[PDB]
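**Student:** Structure supplied as model29.cif; contents: mmCIF, C-alpha atoms and all ligand atoms.
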```cif
data_entry
loop_
_atom_site.label_atom_id
_atom_site.label_comp_id
_atom_site.auth_asym_id
_atom_site.auth_seq_id
_atom_site.Cartn_x
_atom_site.Cartn_y
_atom_site.Cartn_z
CA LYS A 41 143.86 65.35 129.44
CA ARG A 42 146.60 67.19 127.43
CA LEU A 43 145.57 68.36 123.92
CA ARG A 44 147.08 66.32 121.05
CA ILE A 45 147.75 68.85 118.23
CA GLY A 46 148.36 67.65 114.69
CA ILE A 47 150.68 69.66 112.47
CA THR A 48 151.46 69.26 108.74
CA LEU A 49 154.70 71.27 108.02
CA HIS A 50 157.89 72.05 110.06
CA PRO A 51 157.13 75.81 110.62
CA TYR A 52 153.73 74.83 112.13
CA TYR A 53 155.50 72.39 114.52
CA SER A 54 157.69 75.35 115.66
CA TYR A 55 154.66 77.70 116.02
CA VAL A 56 152.57 75.26 118.06
CA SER A 57 155.57 74.05 120.23
CA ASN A 58 156.43 77.69 121.14
CA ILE A 59 152.75 78.50 121.90
CA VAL A 60 151.92 75.40 124.06
CA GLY A 61 155.32 74.76 125.72
CA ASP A 62 154.91 71.63 127.90
CA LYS A 63 151.04 72.05 128.22
CA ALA A 64 150.09 70.06 125.03
CA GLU A 65 151.58 67.44 122.62
CA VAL A 66 152.59 68.50 119.07
CA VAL A 67 152.21 65.56 116.64
CA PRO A 68 153.39 65.65 112.96
CA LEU A 69 150.93 64.12 110.45
CA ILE A 70 153.80 62.80 108.33
CA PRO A 71 157.06 61.29 109.63
CA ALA A 72 160.38 63.13 109.50
CA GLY A 73 162.08 62.14 106.22
CA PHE A 74 159.20 62.82 103.84
CA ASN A 75 159.38 65.69 101.33
CA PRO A 76 155.89 67.26 101.87
CA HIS A 77 155.68 68.12 98.15
CA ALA A 78 156.04 64.38 97.24
CA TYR A 79 154.20 62.77 100.19
CA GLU A 80 151.20 60.48 99.43
CA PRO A 81 149.04 59.52 102.52
CA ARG A 82 149.71 56.11 104.07
CA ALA A 83 147.19 53.98 106.11
CA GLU A 84 149.75 54.18 109.01
CA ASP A 85 149.57 58.03 109.07
CA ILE A 86 145.75 58.17 108.41
CA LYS A 87 145.31 55.94 111.55
CA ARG A 88 147.22 58.45 113.77
CA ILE A 89 144.57 61.22 113.19
CA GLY A 90 142.18 59.14 115.39
CA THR A 91 144.40 59.87 118.45
CA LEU A 92 144.32 63.69 117.84
CA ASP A 93 142.03 66.47 119.18
CA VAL A 94 142.78 69.16 116.51
CA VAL A 95 144.88 69.62 113.33
CA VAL A 96 146.51 73.00 112.55
CA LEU A 97 146.39 73.56 108.77
CA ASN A 98 148.26 75.86 106.36
CA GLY A 99 145.06 75.16 104.32
CA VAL A 100 145.95 77.51 101.43
CA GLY A 101 147.59 74.94 99.15
CA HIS A 102 150.64 73.60 101.03
CA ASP A 103 148.92 70.69 102.87
CA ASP A 104 146.00 69.41 100.69
CA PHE A 105 147.41 65.92 101.60
CA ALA A 106 146.27 66.59 105.24
CA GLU A 107 142.62 67.28 104.31
CA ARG A 108 142.60 63.99 102.27
CA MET A 109 144.16 62.12 105.29
CA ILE A 110 141.42 63.52 107.61
CA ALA A 111 138.67 62.58 105.07
CA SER A 112 139.96 58.92 104.99
CA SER A 113 140.42 58.76 108.84
CA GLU A 114 138.36 57.50 111.89
CA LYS A 115 137.87 61.25 112.74
CA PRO A 116 136.65 63.00 109.48
CA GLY A 117 135.00 65.74 111.58
CA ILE A 118 138.12 66.54 113.65
CA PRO A 119 138.37 70.28 114.62
CA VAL A 120 140.70 72.12 112.22
CA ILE A 121 142.63 75.38 112.77
CA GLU A 122 142.87 77.44 109.54
CA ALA A 123 146.16 79.27 110.42
CA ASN A 124 146.04 81.61 107.38
CA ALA A 125 142.54 83.09 108.00
CA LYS A 126 143.95 86.66 108.64
CA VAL A 127 147.03 86.46 106.34
CA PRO A 128 146.98 88.63 103.15
CA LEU A 129 147.50 86.07 100.31
CA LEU A 130 149.30 86.63 96.97
CA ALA A 131 148.19 86.19 93.89
CA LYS A 142 145.09 82.30 89.33
CA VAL A 143 146.51 80.18 92.24
CA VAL A 144 147.39 81.50 95.76
CA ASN A 145 151.08 81.19 96.82
CA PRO A 146 150.76 78.93 99.94
CA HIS A 147 154.26 79.71 101.42
CA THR A 148 152.93 82.30 103.97
CA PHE A 149 155.09 80.58 106.68
CA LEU A 150 158.25 81.91 104.98
CA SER A 151 157.33 85.48 106.07
CA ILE A 152 158.04 86.80 109.62
CA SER A 153 154.95 89.12 109.51
CA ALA A 154 152.59 86.29 108.24
CA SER A 155 154.17 83.85 110.78
CA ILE A 156 153.30 86.25 113.62
CA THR A 157 149.70 86.48 112.26
CA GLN A 158 149.55 82.66 112.02
CA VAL A 159 151.01 82.23 115.57
CA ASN A 160 148.35 84.59 117.01
CA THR A 161 145.45 82.84 115.13
CA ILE A 162 146.66 79.40 116.35
CA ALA A 163 147.19 80.52 120.01
CA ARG A 164 143.65 82.06 120.06
CA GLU A 165 141.97 78.97 118.50
CA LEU A 166 143.89 76.57 120.87
CA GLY A 167 142.90 78.75 123.83
CA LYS A 168 139.18 78.23 122.97
CA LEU A 169 139.56 74.40 122.80
CA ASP A 170 141.67 74.33 126.00
CA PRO A 171 140.60 77.34 128.19
CA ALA A 172 142.66 76.07 131.18
CA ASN A 173 145.84 76.98 129.21
CA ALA A 174 144.49 79.95 127.16
CA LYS A 175 146.44 82.58 129.22
CA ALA A 176 149.68 80.54 128.82
CA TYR A 177 148.98 80.12 125.05
CA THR A 178 148.42 83.92 124.60
CA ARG A 179 151.50 84.86 126.72
CA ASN A 180 153.72 82.35 124.83
CA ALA A 181 152.46 83.62 121.44
CA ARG A 182 153.37 87.23 122.46
CA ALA A 183 156.91 86.18 123.56
CA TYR A 184 157.47 84.12 120.36
CA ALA A 185 156.25 87.05 118.17
CA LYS A 186 158.69 89.41 120.02
CA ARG A 187 161.61 87.03 119.16
CA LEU A 188 160.43 86.86 115.51
CA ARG A 189 160.23 90.68 115.14
CA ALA A 190 163.80 90.94 116.67
CA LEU A 191 165.12 88.34 114.19
CA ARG A 192 163.79 90.48 111.26
CA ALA A 193 165.00 93.80 112.85
CA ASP A 194 168.63 92.60 113.43
CA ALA A 195 168.74 91.18 109.83
CA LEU A 196 167.23 94.30 108.15
CA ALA A 197 169.60 96.62 110.15
CA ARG A 198 172.59 94.94 108.38
CA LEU A 199 171.29 96.24 105.04
CA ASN A 200 173.39 99.28 104.17
CA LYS A 201 171.18 100.18 101.18
CA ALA A 202 167.95 98.97 99.60
CA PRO A 203 168.62 96.86 96.43
CA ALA A 204 169.18 99.05 93.30
CA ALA A 205 166.31 99.53 90.74
CA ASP A 206 167.90 96.89 88.35
CA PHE A 207 168.23 94.29 91.19
CA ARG A 208 166.13 91.41 89.88
CA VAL A 209 165.71 88.09 91.73
CA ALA A 210 164.70 84.62 90.52
CA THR A 211 163.89 81.49 92.60
CA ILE A 212 163.76 77.74 91.73
CA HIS A 213 160.74 76.98 94.02
CA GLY A 214 157.95 79.57 94.30
CA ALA A 215 158.48 79.77 98.08
CA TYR A 216 159.95 83.22 98.71
CA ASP A 217 157.45 85.90 97.53
CA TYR A 218 156.29 86.50 101.12
CA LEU A 219 159.95 86.51 102.37
CA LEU A 220 161.19 89.01 99.80
CA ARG A 221 158.14 91.29 100.39
CA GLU A 222 159.66 91.94 103.87
CA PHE A 223 162.49 93.78 102.01
CA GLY A 224 159.88 95.44 99.71
CA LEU A 225 161.15 93.19 96.88
CA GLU A 226 159.33 91.05 94.34
CA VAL A 227 160.45 87.81 92.68
CA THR A 228 161.00 88.51 88.93
CA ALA A 229 160.74 84.83 87.87
CA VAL A 230 160.20 81.33 89.32
CA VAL A 231 161.93 78.35 87.55
CA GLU A 232 159.49 75.57 88.57
CA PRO A 233 156.48 76.03 86.16
CA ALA A 234 154.05 75.26 89.01
CA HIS A 235 154.37 74.45 92.75
CA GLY A 236 156.70 71.42 93.19
CA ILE A 237 156.58 70.70 89.39
CA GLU A 238 159.93 69.89 87.73
CA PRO A 239 160.56 71.93 84.50
CA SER A 240 161.01 70.18 81.15
CA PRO A 241 164.08 71.06 78.93
CA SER A 242 161.85 73.49 76.92
CA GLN A 243 160.50 75.22 80.08
CA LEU A 244 164.10 75.54 81.41
CA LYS A 245 165.21 77.11 78.03
CA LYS A 246 162.30 79.63 78.28
CA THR A 247 163.38 80.48 81.90
CA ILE A 248 167.03 81.00 80.84
CA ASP A 249 165.86 83.31 77.96
CA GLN A 250 163.75 85.32 80.46
CA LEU A 251 166.67 85.56 82.99
CA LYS A 252 168.96 86.95 80.22
CA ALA A 253 166.31 89.29 78.64
CA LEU A 254 165.39 90.81 82.01
CA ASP A 255 169.03 90.83 83.24
CA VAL A 256 168.24 88.81 86.40
CA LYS A 257 171.10 89.22 88.90
CA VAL A 258 170.52 86.45 91.51
CA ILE A 259 168.94 83.02 91.84
CA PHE A 260 167.79 81.60 95.17
CA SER A 261 167.99 77.82 94.90
CA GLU A 262 166.76 75.15 97.37
CA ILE A 263 168.87 73.93 100.34
CA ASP A 264 166.29 71.28 101.52
CA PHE A 265 165.75 68.92 98.46
CA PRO A 266 168.16 70.48 95.90
CA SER A 267 167.49 70.48 92.13
CA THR A 268 169.69 68.72 89.62
CA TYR A 269 169.43 71.38 86.84
CA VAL A 270 170.54 74.51 88.88
CA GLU A 271 174.22 74.62 87.64
CA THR A 272 172.98 74.71 83.95
CA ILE A 273 170.84 77.82 84.76
CA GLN A 274 173.88 79.45 86.45
CA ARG A 275 176.16 78.48 83.53
CA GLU A 276 173.77 79.46 80.70
CA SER A 277 172.61 82.76 82.38
CA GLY A 278 175.71 83.82 84.45
CA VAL A 279 173.45 84.67 87.41
CA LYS A 280 174.81 84.63 91.06
CA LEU A 281 173.63 81.63 93.12
CA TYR A 282 172.40 81.73 96.78
CA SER A 283 170.45 79.05 98.58
CA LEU A 284 167.38 79.36 100.82
CA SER A 285 165.51 77.00 103.14
CA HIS A 286 161.83 76.03 102.56
CA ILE A 287 161.98 74.76 106.29
CA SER A 288 160.81 71.36 105.02
CA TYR A 289 163.75 69.01 105.77
CA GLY A 290 164.84 66.73 108.64
CA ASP A 291 163.58 66.54 112.23
CA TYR A 292 160.77 68.61 113.73
CA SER A 293 161.87 70.95 116.56
CA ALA A 294 160.59 74.06 118.37
CA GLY A 295 163.66 76.12 117.37
CA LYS A 296 163.78 75.03 113.68
CA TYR A 297 161.68 77.94 112.31
CA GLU A 298 163.73 80.78 113.93
CA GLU A 299 167.09 79.03 113.19
CA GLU A 300 166.30 78.67 109.49
CA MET A 301 164.51 82.00 109.07
CA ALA A 302 167.54 83.82 110.61
CA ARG A 303 169.70 82.01 107.95
CA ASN A 304 167.17 82.94 105.16
CA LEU A 305 167.08 86.64 106.13
CA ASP A 306 170.92 86.81 106.37
CA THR A 307 171.24 85.11 102.94
CA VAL A 308 168.84 87.64 101.32
CA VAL A 309 170.79 90.52 102.99
CA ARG A 310 174.08 89.03 101.71
CA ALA A 311 172.74 88.74 98.08
CA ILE A 312 171.65 92.45 98.32
CA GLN A 313 175.04 93.68 99.82
CA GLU A 314 177.02 91.55 97.25
CA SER A 315 175.08 93.29 94.37
CA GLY A 316 176.41 96.64 95.73
CA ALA A 317 179.41 98.07 93.76
CA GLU A 318 182.18 100.32 95.18
CA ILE A 319 184.65 102.91 93.71
CA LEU A 320 185.32 102.36 89.89
NI NI B 1 156.59 74.47 98.51
#
```
Please re-express this file's structure in structure tokens.

**Tutor:**
Amino acid sequence: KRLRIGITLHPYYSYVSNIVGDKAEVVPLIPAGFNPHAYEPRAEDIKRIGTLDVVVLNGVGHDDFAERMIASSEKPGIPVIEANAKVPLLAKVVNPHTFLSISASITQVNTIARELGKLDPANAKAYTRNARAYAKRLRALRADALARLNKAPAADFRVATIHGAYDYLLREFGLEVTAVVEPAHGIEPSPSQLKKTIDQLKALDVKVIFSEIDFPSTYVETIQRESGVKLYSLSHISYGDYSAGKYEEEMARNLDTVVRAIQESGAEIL
């Protein structure tokens, strides 16, 4: 019988779909429409784990809801694939958004394809071959996007983000995130925390803010008004329907947006 593979987040649906092709079923643990930051496990979803053979986990802080779901299920001892086993993690609390990096995605894809190959040896060769072809497309995505960068960002080019999602993404450009607006992962800032953030943006002369496309924040225009910073939006790859192509479609948009913020910070003759 065909493997039934549980996934927790949209990038993982894309990774597994691209690895298995038509040789296994990819099943989301939470229905399309839920914000995974806000999701609380339902009996309906807990029941579905009983029909699965394995669950692929981010397991580094972005799907603790999944481990609770499995604990409360008919199958508490279900095999689990820890996708981030070989991924260098930053760092205290680990930033769990490793899926928003092309290089960490490739590492994750390879770990998953290997682990799935052991559970289903009949399709192991297909899983390994598909992982290699998906990785090749991912490297090309990054290469084409980085080639459009005329210059590296200037020394004073400082970046802020609303959600703490993009440290792994910006590392691909050799950049760091100067400040994150949300005080903690998926936590909304209070008026005093937002004032503190604005003071920091001004004091450190932060040039750009990457806001959320997926579940936008209501306070973003105040930050832009009060600090004069340029606004660009990025995708956490957490909204809408699950699809095999979702990850590369949205990562291509994310890389192009980062390139555009860097080119737009570049001055000409004056
Ligand atoms: Ni997040």

**Student:** For ligand NI 1 (chain B), collect every residue having any atom at a distance of at most 12 Å from a ligand atom (counting only C-alpha atoms and all ligand atoms); output as JSON, numbers by chain.

**Tutor:** {"A": [49, 50, 75, 76, 77, 78, 98, 100, 101, 102, 103, 104, 144, 145, 146, 147, 148, 149, 150, 211, 212, 213, 214, 215, 216, 217, 232, 234, 235, 236, 237, 262, 264, 265, 285, 286, 287, 288, 289]}

**Student:** Write out as a ChimeraX atom specification each polymer residue whose atoms come within 10 Å of residue 231 (chain A), counting only C-alpha atoms; drop sequence neighbours fewer than 5 positions from it.

**Tutor:** /A:210-214,237-239,243-244,246-248,251,259,261,270,273

**Student:** So which one's closest to residue 91 (chain A), A:192, A:303, A:126, A:42? Using all atoms listed in the file, please.

**Tutor:**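 Of the candidates, the smallest distance to residue 91 (chain A) is held by A:42.
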
**Student:** Take CA of residue 96 (chain A) and CA of residue 266 (chain A) and report the distance between them in Å, one decimal.

**Tutor:** 27.4 Å

**Student:** Find the residues near residue 72 (chain A): any atom within 8 Å, counting all atoms listed in the file, skip ones fewer than 5 places away on the same chain, and give them as JSON, numbers by chain.

**Tutor:** {"A": [289, 290, 291, 292]}

**Student:** So, with only C-alpha atoms as the atoms that count, which of A:230, A:172, A:47, A:258 lies closest to residue 120 (chain A)?

**Tutor:**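 Closest residue, counting only C-alpha atoms: A:47.
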
**Student:** Any idea what's packed within 8 Å of residue 90 (chain A), counting only C-alpha atoms, ignoring anything in its chain fewer than 3 positions away? Could you give it as a PDB file with C-alpha atoms, keeping the file's coordinate frame?

**Tutor:**
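Output saved as out30.pdb:
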```pdb
ATOM      1  CA  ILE A  86     145.750  58.170 108.410  1.00  0.00           C
ATOM      2  CA  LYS A  87     145.310  55.940 111.550  1.00  0.00           C
ATOM      3  CA  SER A 113     140.420  58.760 108.840  1.00  0.00           C
ATOM      4  CA  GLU A 114     138.360  57.500 111.890  1.00  0.00           C
ATOM      5  CA  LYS A 115     137.870  61.250 112.740  1.00  0.00           C
TER       6      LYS A 115
END
```

**Student:** Rank nothing, just name the residue among A:202, A:64, A:317, A:159 nearest to residue 173 (chain A), using all atoms listed in the file.

**Tutor:**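 Of all the options, A:64 lies closest to residue 173 (chain A).
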
**Student:** Distance CA of residue 201 (chain A)-CA of residue 311 (chain A), one decimal place?

**Tutor:**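 Separation of CA of residue 201 (chain A) and CA of residue 311 (chain A): 12.0 Å.
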